[PDB]
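Asks: Experimental structure and sequence below.
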Amino acid sequence: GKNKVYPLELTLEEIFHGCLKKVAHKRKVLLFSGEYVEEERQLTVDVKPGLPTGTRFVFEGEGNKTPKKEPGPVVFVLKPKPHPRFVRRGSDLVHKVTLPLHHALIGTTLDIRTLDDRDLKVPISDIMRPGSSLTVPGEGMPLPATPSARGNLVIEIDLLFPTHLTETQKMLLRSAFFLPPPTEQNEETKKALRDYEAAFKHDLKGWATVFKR
Amino acid sequence: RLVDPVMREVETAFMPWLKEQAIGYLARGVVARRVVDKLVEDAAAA
Amino acid sequence: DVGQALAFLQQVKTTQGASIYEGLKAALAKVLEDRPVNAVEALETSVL
Amino acid sequence: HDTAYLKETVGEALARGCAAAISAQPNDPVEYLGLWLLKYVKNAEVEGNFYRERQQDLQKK
Amino acid sequence: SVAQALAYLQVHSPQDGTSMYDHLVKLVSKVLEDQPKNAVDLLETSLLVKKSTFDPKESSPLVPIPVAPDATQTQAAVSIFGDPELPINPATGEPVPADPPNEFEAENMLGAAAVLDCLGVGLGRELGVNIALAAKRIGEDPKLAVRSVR
Amino acid sequence: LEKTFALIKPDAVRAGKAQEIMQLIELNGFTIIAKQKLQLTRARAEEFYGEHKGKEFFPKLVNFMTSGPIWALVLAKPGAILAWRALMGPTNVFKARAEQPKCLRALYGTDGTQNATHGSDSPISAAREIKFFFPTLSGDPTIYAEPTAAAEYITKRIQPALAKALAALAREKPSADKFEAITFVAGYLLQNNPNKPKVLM
Amino acid sequence: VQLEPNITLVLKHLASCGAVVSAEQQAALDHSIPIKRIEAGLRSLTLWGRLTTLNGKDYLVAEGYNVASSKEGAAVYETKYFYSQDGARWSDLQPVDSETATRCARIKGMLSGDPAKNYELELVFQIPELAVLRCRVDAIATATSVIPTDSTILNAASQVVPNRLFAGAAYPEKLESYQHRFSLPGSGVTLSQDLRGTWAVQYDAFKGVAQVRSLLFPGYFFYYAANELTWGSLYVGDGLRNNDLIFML
């Protein structure tokens, strides 16, 4: 009636690829002596790619053996160790990334390192809203039912806003957020924009390219 | 306390036939392997 | 024994004019002399 | 009786599978045997399919 | 001699899952078991055996490792193209402190490469572009206060 | 023609000397039938080195073999075990340099335990290690096909679950068609077996 | 006889047709093609083409497949596409679902530069520019992707692999000598089975170089040198389609 449960901890790489784990069990045969007798049994557990969390492997016949009652089965419950990058949800993978504001607005590439040894560089397709997510199909954990299909990786975007802005920076931001459409601009506007851009991308006195220190 | 069953005896008396068939198939595999080795030697000579 | 198999493989003829024994021998000779890149798949793609 | 049913039902295939398990020496022969039987039926059916496909291609040409 | 041939034919090709020695044994065994009274097609039988071989793909104890050459040199070579964007400070989204480029006095290195390729001497034309970009990398460095690169 | 196991330790790999060793191996008449670059974990390394199991050098030996990727090779040669033992040379690196120079341990190996190679001692250990690292590499058709040994292996395998599967098939008696019986017995075996557990979601 | 088209021979043989790349971008390509090929685990990666934008920052697009198998009578290649404004750093092109794949074919005009541009179409639908670029690349690849016939063969397990014994195509002038990539080797489907006047072939018998230009997509060129068996293709120009083919011819 009673069964002994045991957590079995795996890394996301093992579950992604499919491990063949060996586990040690302390079985207690109870006898007339006050001390019980313990032995170490070896068990091979085959975890197939993409097995869902909470999977139970039950070994029947193993367990502490009282003199009269045949021991009940032992249970191993799958659980994943924490990963530095991905947290698995259902069948796919969630990657939480802290993103600066200009990377959101202007748009850049997020560089992520998959469980498989590949390096994805996913572009920011549009203005990423606060709490928005970017989905890359066919990049999550494999489907346990079919060993070829994959889930879709989910990147939950967290925006990192700047802590300080000067009044001239705010003036530039305001001018960037109210520029008239290109079919409504004056000639003075066009010449001013040309001058400012040529003075911002100046190869020696311009600050488009700065070397860190 | 006394515990004869029919199925145990049936399976146990059926076991030798399965083992004999397995041995025959193993002999087939062995002769196939030695034929392949002779083929390899002839190919080198060729 | 092996003698039975050898004697049998020389009477059976294939779609080609030679026996299956000689065909396999010639295929192995070509494979051994040429040493193809992906040899096992080259058996079904190139030698026969 | 039961022995004849078992024999003319599964005997030849089981003998082939046991010979394969003896030759291969896996780390878990029972699972090897089960997967071997599944692949046995699957390869029979796909063998029939392969002949059908070759015939169709020749006719089309 | 024949030992070399046997050792060669048993080389385990990974992507196929088997050598030719096993495949030949299997083909010969299939021909022997089903005694053929009619003509046989070697290619057809080979394809059938290839389709019929058992392959018990089991979970390997180790996670696979990549066999890939080192890429530090090529990455460093690439790092001269384009402008490296200023990294962001995770603590405060404002960018890290930086220095403006330097004011070195170099020649017209692209024109020099053009002249050298015209005359038929010197390095190539693409290496000229690489050299120009690397010299810009050297000259711009505010750490190396360089008044002239050549 | 016999097959021996060999492995290139992390010291000959961190220094990028693996390909030179492979070319030297191929130059001496060997044939590399199988090769794999891999990275042992602590448990796998401890299981591989079971013969020592608590000797004086075991801690450092198991701590070294799991410090980087190694290479595993299966070499084939008529005298493969003895020839490869000679080719590696003496185990101790300094004794190797003193006695036999121009041997793989003298050239690439350094600092005692980091002898840069590892080989099999006897055919028993050779087969054991080959099956340990290459589970699907066929070999040794003579030591497993003995009628006595075949009967013994069948005895070891059939009492656990196949007899029970046959009993269930006989008692239930599914469709007389053999394919359904084959499917049922395969399901019973893959569901009831002492080696693997039962999996539930 | 080749296994993968060079990026230098393609730029050399297609330079006359205007299929050229900047020298700095050419060096950057030479360096950063293997880097992306190893970072993505792809056995084959070549430059597919170059698309023009309203800025000078054109999109360089490279495609690469890891597996290529026969499926329902179509040689399906599991292609991955990457884009780059400059030759240095590559980004990925995620595939497009069918709803937006049909709402992206109605958007015309040459693209802008920033890949973070949202087109608004008719309630209003917002579609990213990267989706439009992916649609155009897919359309051009479906309509145009061309290789010499018999250059691929089917092995066991139904995989299309290069024909190592390809001796070359006789009559390179004839369109029959060329086929689409997704045609099975057995099937006798070629570019002849397309519309009559949508492919122009100019062959120089002396130098042994044939040149096939697409008229339905004007910016697609494919060269085939026969003295040394070397074939390559490139698309240069905007990705728009030439609808009114009947009037022009």
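Replies: Done, it's in. Numbering: from 1, shown residues only, chains lettered A, B, ... in the order given.
Asks: for the residue in chain B positioned nearest to chain C, what are its contacts?
Replies: Closest approach of chain B to chain C (Cβ to the nearest Cβ) occurs at residue B:43, with a separation of 3.7 Å. To be clear about C-beta, it is placed using only N, CA and C from the backbone, and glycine gets the same treatment. Residue B:43 makes contact with C:25, C:28-29, C:32, E:5, according to Cβ atoms under 8 Å, 6 or more residues apart in numbering or on different chains.
Asks: same question, residue E:16
Replies: Contacts of residue E:16 by Cβ under 8 Å, 6+ apart are C:38, C:40-41.
Asks: can you give me the helices in chain A?
Replies: Under the criterion DSSP state H, chain A contains helices at A:12-17, A:101-102, A:167-176, A:187-200.
Asks: between those helices, which one is nearest to chain D?
Replies: With Cβ to the nearest Cβ as the measure, helix A:12-17 is the member of the helices of chain A nearest chain D (18.1 Å).
Asks: Give me the buried positions along the closest one.
Replies: Neighbour counts over helix A:12-17 (16 or more other Cβ atoms under 10 Å in any protein chain shown) mark A:12, A:14-17 as buried.
Asks: Enumerate every residue touching the nearest residue to residue E:88 once chain neighbours are set aside.
Replies: Using Cβ to Cβ, 6 or more residues apart in numbering or on different chains and skipping the chain neighbours, the partner closest in space to residue E:88 is residue A:100 (5.1 Å). When contacts are counted by Cβ under 8 Å, 6+ apart, residue A:100 is found next to A:159-160, A:162, E:88, E:93.
Asks: how about the nearest residue to the residue nearest in space to the middle of chain A, chain neighbours excluded?
Replies: In chain A, the C-alpha nearest the mean C-alpha coordinate belongs to residue A:86, at 2.0 Å (Cα atoms, centre = their mean). Once flanking residues are discounted, residue A:86 sits nearest to residue A:93: 4.5 Å by Cβ to Cβ, 6+ apart.
Asks: that older thread, the residue nearest to the centre of chain A: what's it in contact with?
Replies: Per Cβ under 8 Å, 6+ apart, neighbours of residue A:86: A:12, A:93-95, A:115.
Asks: next one: residue F:65
Replies: Residue F:65 neighbours (Cβ under 8 Å, 6+ apart): F:9-10, F:40, F:45, F:48-49.
Asks: burial measure for residue 43, as a count.
Replies: Picked chain A for this. Around residue A:43 there are 17 other residues, counting by other Cβ atoms under 10 Å in any protein chain shown.
Asks: Chain C was what I was after
Replies: Around residue C:43 there are 24 residues (other Cβ under 10 Å).
Asks: One more: residue A:70?
Replies: 9.
Asks: Distance of it relative to chain C?
Replies: Relative to chain C, residue A:70 is positioned 51 Å away (criterion: Cβ to the nearest Cβ, to the nearest Å).
Asks: Tell me which residues touch that residue, please.
Replies: Contacts of residue A:70 (Cβ under 8 Å, 6+ apart): residue A:61.
Asks: Please state the backbone phi and psi of it?
Replies: Main-chain dihedrals, residue A:70, degrees, to the nearest 10: phi -70, psi 130.
Asks: rewinding a little: report the two of the contacts of residue A:86 separated the most.
Replies: The two members of the contacts of residue A:86 with the most space between them (Cβ to Cβ) are A:94 and A:115, at 12.8 Å.
Asks: From the contacts of residue A:100, list the buried ones, please.
Replies: By 16+ other Cβ under 10 Å, the contacts of residue A:100 give A:159-160, E:88, E:93 as buried.
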